[PDB]
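Below is one structure; the comments refer to it alone.
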Number of protein chains: 2
Amino acid sequence: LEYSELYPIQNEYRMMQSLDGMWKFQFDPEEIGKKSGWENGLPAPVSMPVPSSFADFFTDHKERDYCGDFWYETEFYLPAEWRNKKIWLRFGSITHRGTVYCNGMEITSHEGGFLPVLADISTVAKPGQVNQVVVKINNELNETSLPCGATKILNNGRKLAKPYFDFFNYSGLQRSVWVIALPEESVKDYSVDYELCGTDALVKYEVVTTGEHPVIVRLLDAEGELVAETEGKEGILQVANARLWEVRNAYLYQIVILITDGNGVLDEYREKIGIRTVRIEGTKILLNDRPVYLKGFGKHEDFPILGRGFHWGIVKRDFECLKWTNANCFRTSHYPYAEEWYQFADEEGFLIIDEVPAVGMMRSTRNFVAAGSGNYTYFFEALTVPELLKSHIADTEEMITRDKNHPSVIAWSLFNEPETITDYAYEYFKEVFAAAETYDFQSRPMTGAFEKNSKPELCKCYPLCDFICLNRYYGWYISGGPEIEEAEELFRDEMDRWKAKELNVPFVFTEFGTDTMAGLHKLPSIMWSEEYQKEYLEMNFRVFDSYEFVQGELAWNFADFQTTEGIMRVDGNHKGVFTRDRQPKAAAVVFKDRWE
Amino acid sequence: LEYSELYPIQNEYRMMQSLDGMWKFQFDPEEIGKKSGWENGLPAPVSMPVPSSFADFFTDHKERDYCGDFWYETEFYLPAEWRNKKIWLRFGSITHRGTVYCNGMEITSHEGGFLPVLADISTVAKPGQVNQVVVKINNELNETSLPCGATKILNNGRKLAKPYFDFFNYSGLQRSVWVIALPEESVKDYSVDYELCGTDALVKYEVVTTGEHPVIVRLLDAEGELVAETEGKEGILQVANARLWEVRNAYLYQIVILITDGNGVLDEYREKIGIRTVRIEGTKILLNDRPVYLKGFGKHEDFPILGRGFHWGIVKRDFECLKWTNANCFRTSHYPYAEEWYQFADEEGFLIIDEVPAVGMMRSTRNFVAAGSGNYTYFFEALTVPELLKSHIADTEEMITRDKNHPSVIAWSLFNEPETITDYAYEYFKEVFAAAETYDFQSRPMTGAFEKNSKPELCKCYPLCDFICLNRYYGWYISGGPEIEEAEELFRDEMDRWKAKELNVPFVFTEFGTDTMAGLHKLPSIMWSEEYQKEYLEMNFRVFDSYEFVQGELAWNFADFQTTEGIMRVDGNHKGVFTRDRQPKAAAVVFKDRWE
Ligand SMILES: O=C(O)[C@H]1CNC[C@@H](O)[C@@H]1O
Ligand SMILES: O=C(O)[C@H]1CNC[C@@H](O)[C@@H]1O
């Protein structure tokens with residue numbers, strides 16, 4: 001990467017100033033902004049909170065559902081004392097793609113809506129003056145970038161996003177924005193990897209800087225005491241009597257990376273890390289050499305009004321709920337979350353399966369969204385797939401570079417419900433997995449979540465995985481309700497087929513659930529009732545517990561969340577175990593009791 | 001009584017024809033019906049279902065809330081073959097009071113809205129012709145009849161019922177209406193009482209007829225086989241190897257009462273009865289000589305649209321729900337129910353505490369409903385109480401005469417939450433209890449439900465009871481929510497005071513509960529949430545289980561039910577364990593599991 005993914009810090013060498021607040025915002029349905037000079041200021045803006053998704057503020061459909069180009073603008077005073085620094089705009093994300101301007105000048109563009117965008121404004125920044133940032137953003141969906149979908153043009157020319165995925169197309173500036181100042185020679189990246197040696201541990205590391213001066217690396221314990229120190233851009237820190245980062249029992253050291261010229265220090269980067277190992281051994285997931293059974297949820301970045309907008313309050317409530325259920329794990333379904341989620345998981349000892357936004361790659365869904373009105377003959381995969389692969393690999397590189405040093409991150413999920421039953425899909429995913437392994441200094445477990453279409457007899461992609469994640473809805477989409485006994489039979493039949501393959505890898509259920517409307521009670525239960533959610537879960541548990549190789553269960557979903565409206569979604573997806581405002585349905589206690 | 005309470009049957013001697021259906025109905029706000037000849041036909045009626053409460057059909061407030069005089073009318077063809085019979089109109093009830101006319105002639109009047117009204121139309125009936133019935137009904141509330149309340153006159157002259165009780169003032173013809181034909185000499189009443197003699201049983205009986213001819217009494221088993229036979233209006237039936245009626249395990253014999261003149265039979269009455277004994281022994285409630293712990297609910301006659309209207313479907317669903325909770329008992333809070341409820345309890349082996357409508361006799365409530373707008377000085381108890389007592393005793397006599405022969409009925413509840421802390425209240429209730437014992441051939445246990453105001457140090461009436469029923473809301477009305485630990489302390493303090501009295505009688509909690517809005521979930525719980533209902537119940541159980549003498553628990557209420565609207569009632573009373581359409585809230589399983 002031609003920029004650093006490192007989270008920004010404030011110290012003697014590095015400065016940061018938040019640009020969060022009310023920005024100026026303007027929709028550009030006619031796509032006239034750039035030729036009209038909007039990069040120098042929006043002509044008729046409204047106010048827009050940052051961070052937030054824009055959609056749910058408005059009271060009219062066309063603004064909520066807006067699809068196309070739209071622009072953000074703000075101004076900030078740059079301290080004069082930042083003069084002799086490399087000055088960057090850092091967006092937590094720009095959803096889905098955008099071009100950043102500063103003081104009227106084009107700085108950078110980015111594709112991918114869920115990872116940081118770094119824009120080097122050093123050459124146009126005006127220290128000791130007010131500066132301007134303008135961002136052109138686009139939220140259309142296509143088949144050459146993630147997540148996948150289509151864009152429909154309505155009779156009036158109005159665009160409408162048509163996802164191939166089951167979540168609302170929230171977009172905008174959904175995460176915090178900073179302007180930061182770095183030393184001219186700085187720490188750009190580092191990687192740690194761990195080895196356990198009895199009571200001791202080794203922290204292997206690499207550091208990438210933007211210069212040639214010597215590097216010193218120190219490790220401090222949770223009290224700030226020096227426990228190890230070495231020199232060089234590559235090395236090993238030896239930690240006596242190491243306090244390991246444990247599941248639901250975190251311990252964090254602080255790594256301190258210094259660039260020196262002998263006379264003094266040029267840069268200092270510090271970050272909390274946790275000494276822990278993760279590996280797959282047969283059907284076991286080993287954390288610090290001991291098996292762990294994953295218990296938790298797929299989540300979303302989703303909350304009323306804010307949409308995917310980041311807020312520490314959502315983090316705090318969600319973790320309190322997670323702990324109350326006795327969970328130990330979540331998957332970042334279906335995109336990398338704001339960095340703060342991982343920082344907090346590190347502190348709380350939660351395990352994370354970190355997922356790239358490779359969702360929407362199922363052919364039947366694509367075809368369905370094309371058949372709506374209307375198309376049944378024209379598709380061009382041969383042309384788009386190579387471009388999609390490039391985008392997928394780029395997002396993977398960005399995710400892993402951003403997240404690798406979190407002790408919480410124990411696995412990469414490289415897809416959710418793609419086509420996997422052709423040799424072509426194998427060749428596609430082989431490249432993604434190869435890239436992931438190359439970018440991950442730890443070479444930690446890699447996986448993806450498979451839809452039921454990936455039958456054990458047909459799937460060509462599970463051998464790429466270190467463990468296999470299954471999304472299954474036996475008792476919801478398949479043989480629901482009065483047919484639930486048949487659902488259980490079908491589920492056991494499938495798992496018997498997996499069993500007979502004797503793959504000797506762990507299986508984790510990454511999704512299972514039922515839409516459940518809080519307050520819908522029925523005796524006997526019906527699909528959509530709270531009681532049916534409980535019974536469905538009990539049936540699933542009986543199945544899970546029948547197979548030795550099943551080593552985790554992440555329910556879909558932690559909480560009800562927003563989707564595109566339609567005949568199958570009653571104000572979003574109601575498969576939450578909690579409501580959207582984070583309160584438990586009856587099924588939450590079922591998990592609490594089982595996971596205790 | 002100058003009529004029979006016996007449920008109507010169809011045989012060679014007795015005939016019955018249902019008058020249920022759409023009747024004619026007219027409100028009489030100006031109170032002009034009788035002087036205008038409405039007893040000969042209503043001049044501008046609308047259609048009204050019978051059985052039903054009238055209120056919830058209408059779409060306008062004034063009709064729903066109507067209070068005052070209103071009239072019903074129907075016509076029926078009387079079979080010519082009924083010529084030589086005593087012909088009666090039998091109303092399951094007329095709520096609250098009314099006068100029955102037939103063919104333009106005044107037949108009878110009745111005060112009390114929850115027990116049968118019998119009108120002898122023999123002298124005006126026209127066999128082989130169409131006949132007419134017209135009923136003038138009034139639904140006002142006062143302090144000289146049950147249940148108690150007031151009637152407010154609004155500025156326009158419009159009346160409004162102001163109950164002193166927490167249920168909606170439903171009224172009309174809420175139960176089935178029959179026209180029946182009896183022999184000129186008939187069985188008017190009978191009573192059975194049981195004694196257990198090892199494997200055998202004795203059925204002591206009395207029969208009252210309207211003549212002097214000899215009586216023969218037979219007992220048939222459940223297969224119709226004769227197991228005992230004797231002669232005389234008083235006698236004992238000896239039953240070898242008797243199959244006792246047991247809790248949740250009913251067995252019903254059929255008693256057959258014949259009047260003969262030697263040549264032939266003049267009348268035959270048959271009814272199912274169950275051989276069982278009930279007595280209080282120290283702190284134990286003994287059913288067939290074995291202790292039973294009561295588990296169940298207070299109910300209501302309440303269902304959407306029908307109001308208190310009787311329907312066997314409500315009975316069937318409610319009993320299935322009761323059985324699913326593992327209940328064995330209900331109280332007919334706060335009025336005798338339709339007879340069919342008891343017939344079904346007999347079949348299902350449920351225990352019933354049968355309650356007369358002596359509810360609304362708390363002074364604070366009376367004063368409150370008077371202070372509303374407006375009165376704080378004028379009350380006239382010295383004058384009304386003697387009339388109230390007469391009404392209360394009459395209703396008690398009617399209830400016991402109607403219900404005594406149901407094996408399900410194991411106790412009479414003679415009040416719900418009256419004043420009990422004065423010697424005057426003692427003298428009042430002494431008369432009611434004396435009357436009850438006189439009317440009950442079995443002299444079975446007598447009780448009433450006490451409000452918290454009846455402190456152990458102050459109450460003068462509990463010594464009248466064979467067992468004591470307490471309604472308590474520690475954790476709802478007293479120290480709810482964040483104060484629930486204090487509520488438990490206060491509850492234990494009160495029960496410690498009862499304990500120290502060493503009364504050596506059983507205590508049954510006849511009410512405890514929390515308003516709970518289906519679908520309101522919160523973590524941590526709040527008052528009104530489903531989770532709080534569960535926690536409140538668990539706290540109550542801990543208290544109940546701390547006292548040896550507590551021998552039953554009937555939760556308030558089986559199901560959400562209609563009340564007068566107001567700032568404390570969110571579409572009725574939500575203390576149901578089930579919703580009004582009979583579906584379980586989370587707390588229902590708490591009962592199911594405990595009562596199993
Ligand atoms: O249909 C569902 O509820 C889920 C199916 N698997 C993918 C999820 O994004 C989706 O939300
Ligand atoms: O307040 C309540 O919920 C109850 C209190 N005891 C009497 C009931 O009729 C009433 O419904």
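Residue numbers begin at 1 in each chain, while the letters A, B, ... track the order of the sequences. Ligands are counted one by one from 1 in listed order, and the atoms in each one are counted from 1 as well. Only this structure's heavy atoms are used, side chains among them; waters, hydrogens and symmetry mates stay out.
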Sorted by chain and residue number, the side chain to side chain contact (heavy atoms under 4.5 Å, CB included) partners of B:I567 (sequence neighbours excluded) come out as none

For the residue pair B:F165 and B:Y335, is the inter-centroid distance of their aromatic rings smaller than 6.0 Å? no

B:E494 meets the salt bridge (charged side-chain N to carboxylate O under 4.0 Å, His left out) criterion, sequence neighbours left out, with B:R472

For B:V590, the side chain to side chain contact (heavy atoms under 4.5 Å, CB included) test, sequence neighbours excluded, returns B:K534, B:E538, B:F541

**Prompt:** Do A:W498 and A:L470 pass the side chain to side chain contact (heavy atoms under 4.5 Å, CB included) test, and can you show the C-alpha distance, the side-chain angles, and the key distance before you say yes or no?
**Reply:** CA-CA 11 Å; A:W498 285 113; A:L470 301 185; 4.0 Å; yes

The residue among A:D571, A:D302, A:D560 that forms salt bridge (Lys or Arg N to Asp or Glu O under 4.0 Å) with A:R580 is A:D302

Counting only non-hydrogen atoms and a 4.0 Å cut-off, the residues near ligand 1 are A:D166, A:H334, A:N416, A:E417, A:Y473, A:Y477, A:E511, A:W556, A:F561, A:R569, A:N573, A:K575

